[PDB]
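Heads up, upload-v8.csv below (CSV, N, CA and C atoms):
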```csv
chain,number,residue,atom,x,y,z
D,272,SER,N,-33.3,51.3,22.7
D,272,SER,CA,-32.6,50.1,23.1
D,272,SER,C,-32.9,49.0,22.1
D,273,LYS,N,-31.8,48.5,21.5
D,273,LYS,CA,-32.0,47.4,20.6
D,273,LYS,C,-32.3,46.1,21.3
D,274,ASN,N,-33.5,45.6,21.1
D,274,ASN,CA,-33.9,44.3,21.8
D,274,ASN,C,-33.3,43.2,20.9
D,275,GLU,N,-32.0,42.9,21.1
D,275,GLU,CA,-31.2,41.9,20.5
D,275,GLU,C,-30.6,41.0,21.6
D,276,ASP,N,-30.8,39.7,21.5
D,276,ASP,CA,-30.2,38.9,22.5
D,276,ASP,C,-29.0,38.1,21.9
D,277,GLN,N,-27.9,38.2,22.5
D,277,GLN,CA,-26.6,37.6,22.0
D,277,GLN,C,-26.1,36.6,23.0
D,278,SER,N,-25.4,35.6,22.5
D,278,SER,CA,-24.9,34.6,23.4
D,278,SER,C,-23.5,34.1,22.9
D,279,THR,N,-22.6,33.8,23.8
D,279,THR,CA,-21.3,33.2,23.4
D,279,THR,C,-21.2,31.9,24.1
D,280,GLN,N,-20.7,30.9,23.4
D,280,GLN,CA,-20.5,29.5,24.0
D,280,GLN,C,-19.0,29.1,23.8
D,281,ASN,N,-18.4,28.6,24.9
D,281,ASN,CA,-17.1,28.0,24.8
D,281,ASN,C,-17.2,26.6,25.2
D,282,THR,N,-16.5,25.7,24.5
D,282,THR,CA,-16.6,24.3,24.6
D,282,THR,C,-15.2,23.6,24.5
D,283,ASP,N,-14.9,22.7,25.5
D,283,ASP,CA,-13.7,21.9,25.4
D,283,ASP,C,-14.0,20.4,25.4
D,284,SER,N,-13.3,19.7,24.6
D,284,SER,CA,-13.6,18.3,24.3
D,284,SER,C,-12.3,17.4,24.2
D,285,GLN,N,-12.2,16.4,25.1
D,285,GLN,CA,-11.0,15.5,25.1
D,285,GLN,C,-11.5,14.1,24.8
D,286,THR,N,-11.0,13.5,23.7
D,286,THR,CA,-11.5,12.2,23.2
D,286,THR,C,-10.4,11.2,23.2
D,287,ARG,N,-10.6,10.1,23.8
D,287,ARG,CA,-9.6,9.0,23.8
D,287,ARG,C,-10.2,7.8,23.1
D,288,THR,N,-9.6,7.6,21.9
D,288,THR,CA,-10.1,6.5,21.0
D,288,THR,C,-9.1,5.4,20.9
D,289,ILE,N,-9.5,4.2,21.4
D,289,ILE,CA,-8.6,3.1,21.5
D,289,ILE,C,-9.2,2.0,20.5
D,290,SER,N,-8.4,1.7,19.5
D,290,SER,CA,-8.9,1.0,18.3
D,290,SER,C,-8.1,-0.3,18.1
D,291,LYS,N,-8.8,-1.4,17.7
D,291,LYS,CA,-8.2,-2.7,17.4
D,291,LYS,C,-8.4,-3.0,15.9
D,292,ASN,N,-7.5,-3.8,15.3
D,292,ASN,CA,-7.7,-4.2,14.0
D,292,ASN,C,-7.0,-5.5,13.8
D,293,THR,N,-7.5,-6.4,12.9
D,293,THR,CA,-6.8,-7.6,12.6
D,293,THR,C,-7.0,-7.9,11.1
D,294,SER,N,-6.3,-8.9,10.5
D,294,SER,CA,-6.2,-9.1,9.1
D,294,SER,C,-5.7,-10.5,8.8
D,295,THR,N,-6.2,-11.1,7.7
D,295,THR,CA,-5.5,-12.1,6.9
D,295,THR,C,-5.6,-11.8,5.5
D,296,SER,N,-4.8,-12.6,4.7
D,296,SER,CA,-4.7,-12.4,3.2
D,296,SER,C,-4.2,-13.7,2.6
D,297,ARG,N,-4.7,-14.0,1.4
D,297,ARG,CA,-4.3,-15.2,0.7
D,297,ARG,C,-4.1,-15.0,-0.8
D,298,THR,N,-2.8,-15.2,-1.2
D,298,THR,CA,-2.4,-14.8,-2.6
D,298,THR,C,-2.1,-16.0,-3.4
D,299,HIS,N,-2.5,-16.1,-4.6
D,299,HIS,CA,-2.3,-17.2,-5.5
D,299,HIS,C,-1.7,-16.7,-6.8
D,300,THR,N,-0.4,-17.1,-7.0
D,300,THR,CA,0.4,-16.4,-8.1
D,300,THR,C,0.8,-17.5,-9.1
D,301,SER,N,0.5,-17.2,-10.4
D,301,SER,CA,1.0,-18.0,-11.5
D,301,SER,C,2.0,-17.1,-12.3
D,302,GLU,N,2.7,-17.8,-13.2
D,302,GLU,CA,3.9,-17.2,-13.9
D,302,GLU,C,4.3,-18.0,-15.0
D,303,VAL,N,4.5,-17.4,-16.2
D,303,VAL,CA,5.0,-18.2,-17.4
D,303,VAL,C,6.2,-17.4,-18.0
D,304,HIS,N,7.4,-17.9,-17.9
D,304,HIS,CA,8.6,-17.3,-18.3
D,304,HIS,C,9.0,-17.8,-19.7
D,305,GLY,N,9.7,-16.9,-20.4
D,305,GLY,CA,10.3,-17.3,-21.7
D,305,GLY,C,11.7,-16.8,-21.8
D,306,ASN,N,12.5,-17.4,-22.7
D,306,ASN,CA,13.9,-17.1,-22.9
D,306,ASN,C,14.3,-17.6,-24.3
D,307,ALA,N,15.2,-16.9,-24.9
D,307,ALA,CA,16.0,-17.3,-26.1
D,307,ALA,C,17.4,-16.8,-25.9
D,308,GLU,N,18.4,-17.4,-26.6
D,308,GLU,CA,19.8,-17.1,-26.4
D,308,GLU,C,20.6,-17.5,-27.6
D,309,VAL,N,21.5,-16.6,-28.0
D,309,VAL,CA,22.4,-16.8,-29.1
D,309,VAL,C,23.8,-16.5,-28.6
D,310,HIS,N,24.6,-17.6,-28.6
D,310,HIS,CA,26.0,-17.5,-28.2
D,310,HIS,C,26.9,-17.6,-29.4
D,311,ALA,N,28.0,-16.9,-29.4
D,311,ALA,CA,29.0,-16.9,-30.5
D,311,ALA,C,30.4,-16.8,-30.0
D,312,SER,N,31.3,-17.6,-30.5
D,312,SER,CA,32.7,-17.6,-30.1
D,312,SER,C,33.6,-17.4,-31.4
D,313,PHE,N,34.9,-17.7,-31.2
D,313,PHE,CA,35.8,-17.8,-32.4
D,313,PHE,C,35.3,-18.8,-33.4
D,314,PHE,N,34.9,-20.0,-32.9
D,314,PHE,CA,34.4,-21.1,-33.8
D,314,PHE,C,33.2,-21.8,-33.2
D,315,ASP,N,32.6,-21.3,-32.1
D,315,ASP,CA,31.5,-22.0,-31.5
D,315,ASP,C,30.3,-21.1,-31.4
D,316,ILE,N,29.2,-21.5,-32.0
D,316,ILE,CA,28.0,-20.7,-32.0
D,316,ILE,C,26.9,-21.7,-31.5
D,317,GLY,N,26.1,-21.1,-30.6
D,317,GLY,CA,25.0,-21.9,-30.0
D,317,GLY,C,23.7,-21.1,-29.9
D,318,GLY,N,22.6,-21.8,-29.8
D,318,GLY,CA,21.3,-21.1,-29.5
D,318,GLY,C,20.5,-21.9,-28.5
D,319,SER,N,19.6,-21.3,-27.8
D,319,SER,CA,18.9,-21.9,-26.7
D,319,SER,C,17.5,-21.3,-26.5
D,320,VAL,N,16.5,-22.1,-26.2
D,320,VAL,CA,15.1,-21.6,-26.0
D,320,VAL,C,14.6,-22.2,-24.7
D,321,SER,N,14.1,-21.4,-23.9
D,321,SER,CA,13.6,-21.8,-22.5
D,321,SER,C,12.3,-21.2,-22.2
D,322,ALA,N,11.5,-21.9,-21.3
D,322,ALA,CA,10.2,-21.5,-20.9
D,322,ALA,C,10.0,-22.1,-19.5
P,272,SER,N,-28.5,44.1,39.5
P,272,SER,CA,-28.4,42.7,39.3
P,272,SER,C,-28.3,42.5,37.8
P,273,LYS,N,-27.3,41.8,37.3
P,273,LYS,CA,-27.1,41.5,35.9
P,273,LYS,C,-28.0,40.4,35.5
P,274,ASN,N,-29.0,40.6,34.7
P,274,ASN,CA,-30.0,39.6,34.2
P,274,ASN,C,-29.3,38.8,33.1
P,275,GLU,N,-28.4,37.9,33.5
P,275,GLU,CA,-27.6,37.1,32.6
P,275,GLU,C,-27.9,35.7,33.0
P,276,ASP,N,-28.3,34.8,32.1
P,276,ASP,CA,-28.5,33.4,32.4
P,276,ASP,C,-27.5,32.5,31.8
P,277,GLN,N,-26.8,31.8,32.7
P,277,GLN,CA,-25.7,30.9,32.3
P,277,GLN,C,-26.0,29.5,32.6
P,278,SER,N,-25.4,28.6,31.9
P,278,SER,CA,-25.6,27.2,32.0
P,278,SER,C,-24.4,26.4,31.7
P,279,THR,N,-24.2,25.3,32.4
P,279,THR,CA,-23.1,24.4,32.2
P,279,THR,C,-23.6,23.0,31.9
P,280,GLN,N,-23.0,22.3,30.9
P,280,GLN,CA,-23.4,21.0,30.5
P,280,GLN,C,-22.3,20.0,30.6
P,281,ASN,N,-22.5,18.9,31.2
P,281,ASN,CA,-21.5,17.8,31.2
P,281,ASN,C,-22.1,16.6,30.5
P,282,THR,N,-21.3,16.0,29.7
P,282,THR,CA,-21.8,14.9,28.8
P,282,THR,C,-20.7,13.7,28.8
P,283,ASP,N,-21.2,12.5,29.0
P,283,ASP,CA,-20.4,11.3,28.8
P,283,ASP,C,-20.9,10.4,27.7
P,284,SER,N,-20.1,9.8,26.9
P,284,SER,CA,-20.5,9.1,25.8
P,284,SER,C,-19.6,7.9,25.6
P,285,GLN,N,-20.1,6.7,25.6
P,285,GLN,CA,-19.4,5.4,25.3
P,285,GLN,C,-19.9,4.7,24.1
P,286,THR,N,-19.1,4.6,23.1
P,286,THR,CA,-19.5,4.1,21.8
P,286,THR,C,-18.8,2.8,21.5
P,287,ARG,N,-19.5,1.7,21.1
P,287,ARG,CA,-19.0,0.4,20.7
P,287,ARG,C,-19.3,0.2,19.3
P,288,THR,N,-18.2,0.2,18.4
P,288,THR,CA,-18.4,0.1,17.0
P,288,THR,C,-17.8,-1.2,16.5
P,289,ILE,N,-18.6,-2.1,16.0
P,289,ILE,CA,-18.2,-3.4,15.6
P,289,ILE,C,-18.3,-3.5,14.1
P,290,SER,N,-17.2,-3.7,13.4
P,290,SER,CA,-17.1,-3.4,12.0
P,290,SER,C,-16.6,-4.7,11.2
P,291,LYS,N,-17.2,-4.9,10.1
P,291,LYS,CA,-16.8,-6.0,9.2
P,291,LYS,C,-16.2,-5.5,7.9
P,292,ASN,N,-15.4,-6.3,7.2
P,292,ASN,CA,-14.9,-5.9,5.9
P,292,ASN,C,-14.5,-7.2,5.2
P,293,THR,N,-14.6,-7.2,3.9
P,293,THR,CA,-14.1,-8.2,3.1
P,293,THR,C,-13.5,-7.7,1.8
P,294,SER,N,-12.8,-8.5,1.0
P,294,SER,CA,-12.1,-8.0,-0.2
P,294,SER,C,-11.8,-9.2,-1.1
P,295,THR,N,-11.7,-8.9,-2.4
P,295,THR,CA,-11.0,-9.7,-3.4
P,295,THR,C,-10.1,-8.7,-4.3
P,296,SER,N,-9.3,-9.3,-5.1
P,296,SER,CA,-8.3,-8.6,-5.9
P,296,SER,C,-7.9,-9.5,-7.0
P,297,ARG,N,-7.7,-9.0,-8.3
P,297,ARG,CA,-7.2,-9.8,-9.4
P,297,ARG,C,-6.2,-9.0,-10.2
P,298,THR,N,-5.0,-9.6,-10.3
P,298,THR,CA,-3.8,-8.9,-10.8
P,298,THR,C,-3.4,-9.7,-12.1
P,299,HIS,N,-3.1,-8.9,-13.2
P,299,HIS,CA,-2.6,-9.5,-14.4
P,299,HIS,C,-1.3,-8.8,-14.8
P,300,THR,N,-0.2,-9.6,-14.8
P,300,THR,CA,1.1,-9.1,-15.0
P,300,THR,C,1.8,-9.6,-16.2
P,301,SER,N,2.3,-8.7,-17.0
P,301,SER,CA,3.1,-9.0,-18.2
P,301,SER,C,4.5,-8.5,-17.9
P,302,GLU,N,5.5,-8.9,-18.7
P,302,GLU,CA,6.9,-8.7,-18.4
P,302,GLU,C,7.7,-9.1,-19.7
P,303,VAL,N,8.7,-8.2,-20.1
P,303,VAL,CA,9.6,-8.5,-21.2
P,303,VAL,C,11.0,-8.2,-20.8
P,304,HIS,N,11.8,-9.2,-20.6
P,304,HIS,CA,13.2,-9.2,-20.2
P,304,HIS,C,14.2,-9.1,-21.3
P,305,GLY,N,15.3,-8.5,-21.1
P,305,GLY,CA,16.4,-8.5,-22.0
P,305,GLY,C,17.7,-8.8,-21.4
P,306,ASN,N,18.7,-9.2,-22.2
P,306,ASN,CA,20.0,-9.6,-21.7
P,306,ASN,C,21.0,-9.6,-22.9
P,307,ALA,N,22.2,-9.2,-22.6
P,307,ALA,CA,23.4,-9.4,-23.4
P,307,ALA,C,24.5,-9.8,-22.6
P,308,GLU,N,25.5,-10.4,-23.1
P,308,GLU,CA,26.6,-11.0,-22.3
P,308,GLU,C,27.9,-11.1,-23.2
P,309,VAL,N,29.0,-10.7,-22.6
P,309,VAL,CA,30.3,-10.8,-23.3
P,309,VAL,C,31.3,-11.5,-22.3
P,310,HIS,N,31.7,-12.7,-22.7
P,310,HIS,CA,32.6,-13.6,-21.9
P,310,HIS,C,34.0,-13.6,-22.6
P,311,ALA,N,35.0,-13.6,-21.8
P,311,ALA,CA,36.4,-13.6,-22.3
P,311,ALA,C,37.3,-14.4,-21.4
P,312,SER,N,38.2,-15.2,-22.0
P,312,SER,CA,39.1,-16.1,-21.3
P,312,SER,C,40.5,-15.8,-21.8
P,313,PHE,N,41.4,-16.8,-21.5
P,313,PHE,CA,42.8,-16.8,-22.1
P,313,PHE,C,42.7,-16.8,-23.6
P,314,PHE,N,41.8,-17.7,-24.1
P,314,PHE,CA,41.7,-17.9,-25.6
P,314,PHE,C,40.3,-18.1,-26.0
P,315,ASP,N,39.3,-17.9,-25.1
P,315,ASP,CA,37.9,-18.2,-25.5
P,315,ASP,C,37.1,-16.9,-25.2
P,316,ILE,N,36.4,-16.4,-26.2
P,316,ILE,CA,35.6,-15.2,-26.1
P,316,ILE,C,34.2,-15.6,-26.7
P,317,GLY,N,33.2,-15.2,-25.9
P,317,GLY,CA,31.8,-15.5,-26.4
P,317,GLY,C,30.9,-14.3,-26.2
P,318,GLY,N,29.8,-14.3,-26.8
P,318,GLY,CA,28.7,-13.3,-26.6
P,318,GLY,C,27.4,-13.9,-26.7
P,319,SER,N,26.4,-13.4,-26.0
P,319,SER,CA,25.1,-14.0,-25.8
P,319,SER,C,24.0,-12.9,-25.8
P,320,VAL,N,22.9,-13.1,-26.4
P,320,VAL,CA,21.7,-12.2,-26.4
P,320,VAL,C,20.5,-13.0,-26.0
P,321,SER,N,19.7,-12.5,-25.0
P,321,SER,CA,18.6,-13.1,-24.5
P,321,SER,C,17.4,-12.2,-24.3
P,322,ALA,N,16.2,-12.7,-24.4
P,322,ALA,CA,15.0,-12.0,-24.2
P,322,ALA,C,13.9,-12.9,-23.6
```

In structure tokens, what does this structure look like?
Amino acid sequence: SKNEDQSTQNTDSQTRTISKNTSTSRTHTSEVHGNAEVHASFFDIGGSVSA
Amino acid sequence: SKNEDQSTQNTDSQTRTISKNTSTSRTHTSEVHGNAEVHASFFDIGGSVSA
């Protein structure tokens, strides 16, 4: 007779997790735009520079 | 008589987890715009190039 001791375990688990969260955020944005423009017509030519 | 030993376990667990978090972020944005334009009228036609 093999003197071996064996065991089986069954387990059930039901978990209810109720969670809260909150947040704020603060953004500070800078920006530097550029522009150039060359216009041309039959007899009218222009140019423009912007920032 | 079956020499088998069985056991049942019941367990209750209440966990209160209070969590803190903080953050910073730093964004650096570049941008290169383009533009072309063709205008046409009864007798007036123009064109424009921008960047």

### Task
Kindly provide, as a list in words, the residues of chain D having any atom no farther than 7 Å from an atom of chain P, counting only N, CA and C atoms.
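So the contacting residues turn out to be residues 305, 306, 307, 308, 309, 310, 311, 312 and 313 of chain D.
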
May I have the selected residues written with N, CA and C atoms, as a tab-separated table (two decimals), keeping the file's coordinate frame?
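Writing the result to out_39.tsv gives the following:
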```tsv
chain	number	residue	atom	x	y	z
D	305	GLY	N	9.70	-16.90	-20.40
D	305	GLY	CA	10.30	-17.30	-21.70
D	305	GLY	C	11.70	-16.80	-21.80
D	306	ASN	N	12.50	-17.40	-22.70
D	306	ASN	CA	13.90	-17.10	-22.90
D	306	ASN	C	14.30	-17.60	-24.30
D	307	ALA	N	15.20	-16.90	-24.90
D	307	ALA	CA	16.00	-17.30	-26.10
D	307	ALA	C	17.40	-16.80	-25.90
D	308	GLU	N	18.40	-17.40	-26.60
D	308	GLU	CA	19.80	-17.10	-26.40
D	308	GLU	C	20.60	-17.50	-27.60
D	309	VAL	N	21.50	-16.60	-28.00
D	309	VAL	CA	22.40	-16.80	-29.10
D	309	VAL	C	23.80	-16.50	-28.60
D	310	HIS	N	24.60	-17.60	-28.60
D	310	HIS	CA	26.00	-17.50	-28.20
D	310	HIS	C	26.90	-17.60	-29.40
D	311	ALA	N	28.00	-16.90	-29.40
D	311	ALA	CA	29.00	-16.90	-30.50
D	311	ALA	C	30.40	-16.80	-30.00
D	312	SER	N	31.30	-17.60	-30.50
D	312	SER	CA	32.70	-17.60	-30.10
D	312	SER	C	33.60	-17.40	-31.40
D	313	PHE	N	34.90	-17.70	-31.20
D	313	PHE	CA	35.80	-17.80	-32.40
D	313	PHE	C	35.30	-18.80	-33.40
```

Matching every Cα in sequence order between the two identical chains, what are the coordinates of chain P once fitted onto chain D? Write them as an mmCIF file with N, CA and C atoms, in the coordinates of the input.
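What ended up in part_2.cif:
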```cif
data_model
loop_
_atom_site.group_PDB
_atom_site.id
_atom_site.type_symbol
_atom_site.label_atom_id
_atom_site.label_comp_id
_atom_site.auth_asym_id
_atom_site.auth_seq_id
_atom_site.Cartn_x
_atom_site.Cartn_y
_atom_site.Cartn_z
ATOM 1 N N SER P 272 -33.287 51.287 22.686
ATOM 2 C CA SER P 272 -32.570 50.143 23.120
ATOM 3 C C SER P 272 -32.852 49.063 22.094
ATOM 4 N N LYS P 273 -31.847 48.439 21.509
ATOM 5 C CA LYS P 273 -31.968 47.369 20.544
ATOM 6 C C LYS P 273 -32.273 46.107 21.247
ATOM 7 N N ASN P 274 -33.429 45.533 21.136
ATOM 8 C CA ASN P 274 -33.896 44.260 21.777
ATOM 9 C C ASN P 274 -33.270 43.116 20.977
ATOM 10 N N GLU P 275 -31.969 42.896 21.173
ATOM 11 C CA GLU P 275 -31.199 41.901 20.460
ATOM 12 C C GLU P 275 -30.622 41.053 21.535
ATOM 13 N N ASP P 276 -30.776 39.728 21.521
ATOM 14 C CA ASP P 276 -30.148 38.837 22.472
ATOM 15 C C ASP P 276 -29.074 38.002 21.906
ATOM 16 N N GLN P 277 -27.881 38.205 22.476
ATOM 17 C CA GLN P 277 -26.664 37.518 21.997
ATOM 18 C C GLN P 277 -26.118 36.607 23.002
ATOM 19 N N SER P 278 -25.399 35.622 22.584
ATOM 20 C CA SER P 278 -24.833 34.605 23.393
ATOM 21 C C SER P 278 -23.555 34.077 22.886
ATOM 22 N N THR P 279 -22.629 33.749 23.767
ATOM 23 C CA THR P 279 -21.351 33.190 23.430
ATOM 24 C C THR P 279 -21.152 31.854 24.119
ATOM 25 N N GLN P 280 -20.625 30.827 23.399
ATOM 26 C CA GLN P 280 -20.425 29.523 23.918
ATOM 27 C C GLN P 280 -19.005 29.080 23.839
ATOM 28 N N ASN P 281 -18.434 28.603 24.867
ATOM 29 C CA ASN P 281 -17.076 28.001 24.815
ATOM 30 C C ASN P 281 -17.180 26.538 25.187
ATOM 31 N N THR P 282 -16.480 25.755 24.454
ATOM 32 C CA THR P 282 -16.615 24.260 24.584
ATOM 33 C C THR P 282 -15.126 23.605 24.524
ATOM 34 N N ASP P 283 -14.872 22.736 25.477
ATOM 35 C CA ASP P 283 -13.688 21.889 25.439
ATOM 36 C C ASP P 283 -13.984 20.416 25.338
ATOM 37 N N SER P 284 -13.283 19.633 24.605
ATOM 38 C CA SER P 284 -13.598 18.329 24.359
ATOM 39 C C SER P 284 -12.333 17.504 24.266
ATOM 40 N N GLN P 285 -12.141 16.507 25.078
ATOM 41 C CA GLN P 285 -11.018 15.502 25.068
ATOM 42 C C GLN P 285 -11.445 14.113 24.807
ATOM 43 N N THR P 286 -11.056 13.574 23.708
ATOM 44 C CA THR P 286 -11.532 12.291 23.231
ATOM 45 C C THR P 286 -10.410 11.286 23.221
ATOM 46 N N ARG P 287 -10.552 10.066 23.814
ATOM 47 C CA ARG P 287 -9.623 8.954 23.843
ATOM 48 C C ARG P 287 -10.199 7.852 23.106
ATOM 49 N N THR P 288 -9.585 7.515 21.869
ATOM 50 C CA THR P 288 -10.129 6.508 21.033
ATOM 51 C C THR P 288 -9.149 5.354 20.936
ATOM 52 N N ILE P 289 -9.504 4.197 21.423
ATOM 53 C CA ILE P 289 -8.655 3.064 21.506
ATOM 54 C C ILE P 289 -9.149 2.015 20.544
ATOM 55 N N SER P 290 -8.374 1.657 19.539
ATOM 56 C CA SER P 290 -8.874 1.010 18.359
ATOM 57 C C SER P 290 -8.069 -0.356 18.104
ATOM 58 N N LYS P 291 -8.795 -1.332 17.743
ATOM 59 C CA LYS P 291 -8.200 -2.634 17.383
ATOM 60 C C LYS P 291 -8.364 -2.962 15.911
ATOM 61 N N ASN P 292 -7.533 -3.829 15.339
ATOM 62 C CA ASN P 292 -7.728 -4.252 13.967
ATOM 63 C C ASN P 292 -6.972 -5.576 13.838
ATOM 64 N N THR P 293 -7.454 -6.424 12.972
ATOM 65 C CA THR P 293 -6.798 -7.567 12.583
ATOM 66 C C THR P 293 -6.962 -7.895 11.111
ATOM 67 N N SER P 294 -6.243 -8.847 10.523
ATOM 68 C CA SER P 294 -6.295 -9.090 9.068
ATOM 69 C C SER P 294 -5.732 -10.488 8.807
ATOM 70 N N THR P 295 -6.201 -11.071 7.697
ATOM 71 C CA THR P 295 -5.544 -12.150 6.968
ATOM 72 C C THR P 295 -5.590 -11.789 5.391
ATOM 73 N N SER P 296 -4.889 -12.571 4.658
ATOM 74 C CA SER P 296 -4.674 -12.347 3.232
ATOM 75 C C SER P 296 -4.241 -13.629 2.640
ATOM 76 N N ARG P 297 -4.729 -14.042 1.386
ATOM 77 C CA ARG P 297 -4.265 -15.227 0.695
ATOM 78 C C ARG P 297 -4.100 -14.929 -0.776
ATOM 79 N N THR P 298 -2.859 -15.181 -1.232
ATOM 80 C CA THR P 298 -2.389 -14.724 -2.554
ATOM 81 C C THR P 298 -2.068 -16.058 -3.333
ATOM 82 N N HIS P 299 -2.562 -16.100 -4.634
ATOM 83 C CA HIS P 299 -2.229 -17.201 -5.486
ATOM 84 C C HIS P 299 -1.647 -16.658 -6.793
ATOM 85 N N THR P 300 -0.357 -17.017 -7.033
ATOM 86 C CA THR P 300 0.386 -16.495 -8.109
ATOM 87 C C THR P 300 0.832 -17.479 -9.115
ATOM 88 N N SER P 301 0.542 -17.214 -10.358
ATOM 89 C CA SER P 301 0.970 -18.028 -11.508
ATOM 90 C C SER P 301 1.948 -17.168 -12.284
ATOM 91 N N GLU P 302 2.711 -17.759 -13.216
ATOM 92 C CA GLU P 302 3.838 -17.121 -13.857
ATOM 93 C C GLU P 302 4.285 -18.073 -15.034
ATOM 94 N N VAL P 303 4.524 -17.446 -16.267
ATOM 95 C CA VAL P 303 5.063 -18.176 -17.401
ATOM 96 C C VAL P 303 6.172 -17.400 -18.016
ATOM 97 N N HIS P 304 7.380 -17.843 -17.862
ATOM 98 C CA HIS P 304 8.638 -17.290 -18.342
ATOM 99 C C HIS P 304 9.059 -17.701 -19.711
ATOM 100 N N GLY P 305 9.714 -16.894 -20.439
ATOM 101 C CA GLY P 305 10.328 -17.231 -21.676
ATOM 102 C C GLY P 305 11.716 -16.794 -21.826
ATOM 103 N N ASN P 306 12.479 -17.386 -22.757
ATOM 104 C CA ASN P 306 13.886 -17.087 -22.933
ATOM 105 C C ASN P 306 14.326 -17.636 -24.327
ATOM 106 N N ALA P 307 15.192 -16.892 -24.949
ATOM 107 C CA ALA P 307 16.017 -17.293 -26.080
ATOM 108 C C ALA P 307 17.355 -16.846 -25.934
ATOM 109 N N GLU P 308 18.310 -17.395 -26.564
ATOM 110 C CA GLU P 308 19.747 -17.096 -26.328
ATOM 111 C C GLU P 308 20.572 -17.465 -27.629
ATOM 112 N N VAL P 309 21.450 -16.551 -27.984
ATOM 113 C CA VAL P 309 22.337 -16.793 -29.143
ATOM 114 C C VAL P 309 23.805 -16.462 -28.667
ATOM 115 N N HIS P 310 24.603 -17.521 -28.629
ATOM 116 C CA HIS P 310 26.028 -17.488 -28.149
ATOM 117 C C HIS P 310 26.946 -17.634 -29.408
ATOM 118 N N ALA P 311 28.004 -16.911 -29.387
ATOM 119 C CA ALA P 311 28.984 -16.930 -30.505
ATOM 120 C C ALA P 311 30.389 -16.759 -29.999
ATOM 121 N N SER P 312 31.332 -17.541 -30.555
ATOM 122 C CA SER P 312 32.726 -17.571 -30.147
ATOM 123 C C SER P 312 33.557 -17.367 -31.399
ATOM 124 N N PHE P 313 34.877 -17.726 -31.228
ATOM 125 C CA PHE P 313 35.826 -17.808 -32.416
ATOM 126 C C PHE P 313 35.282 -18.783 -33.423
ATOM 127 N N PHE P 314 34.847 -19.961 -32.881
ATOM 128 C CA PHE P 314 34.403 -21.085 -33.798
ATOM 129 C C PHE P 314 33.244 -21.786 -33.227
ATOM 130 N N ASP P 315 32.612 -21.280 -32.135
ATOM 131 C CA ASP P 315 31.503 -22.056 -31.520
ATOM 132 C C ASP P 315 30.300 -21.072 -31.455
ATOM 133 N N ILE P 316 29.175 -21.486 -32.006
ATOM 134 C CA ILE P 316 27.960 -20.704 -32.038
ATOM 135 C C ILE P 316 26.840 -21.681 -31.519
ATOM 136 N N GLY P 317 26.077 -21.090 -30.587
ATOM 137 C CA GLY P 317 24.937 -21.929 -30.043
ATOM 138 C C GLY P 317 23.672 -21.104 -29.950
ATOM 139 N N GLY P 318 22.595 -21.721 -29.774
ATOM 140 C CA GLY P 318 21.268 -21.087 -29.482
ATOM 141 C C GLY P 318 20.482 -21.874 -28.574
ATOM 142 N N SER P 319 19.638 -21.271 -27.758
ATOM 143 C CA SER P 319 18.945 -21.867 -26.638
ATOM 144 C C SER P 319 17.506 -21.286 -26.532
ATOM 145 N N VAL P 320 16.529 -22.051 -26.267
ATOM 146 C CA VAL P 320 15.108 -21.640 -26.017
ATOM 147 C C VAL P 320 14.658 -22.236 -24.720
ATOM 148 N N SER P 321 14.069 -21.400 -23.801
ATOM 149 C CA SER P 321 13.630 -21.762 -22.577
ATOM 150 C C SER P 321 12.271 -21.224 -22.186
ATOM 151 N N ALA P 322 11.517 -21.915 -21.377
ATOM 152 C CA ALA P 322 10.257 -21.525 -20.896
ATOM 153 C C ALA P 322 9.999 -22.046 -19.467
#
```

### Distance in Å - atom C of residue 291 of chain D versus atom C of residue 281 of chain P
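Taking atom C of residue 291 of chain D as the start and atom C of residue 281 of chain P as the end point, the length is 28.0 Å.
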
### Query
When you draw a straight line from atom CA of residue 274 of chain P to atom CA of residue 274 of chain D, how long is it in Å?
13.8 Å
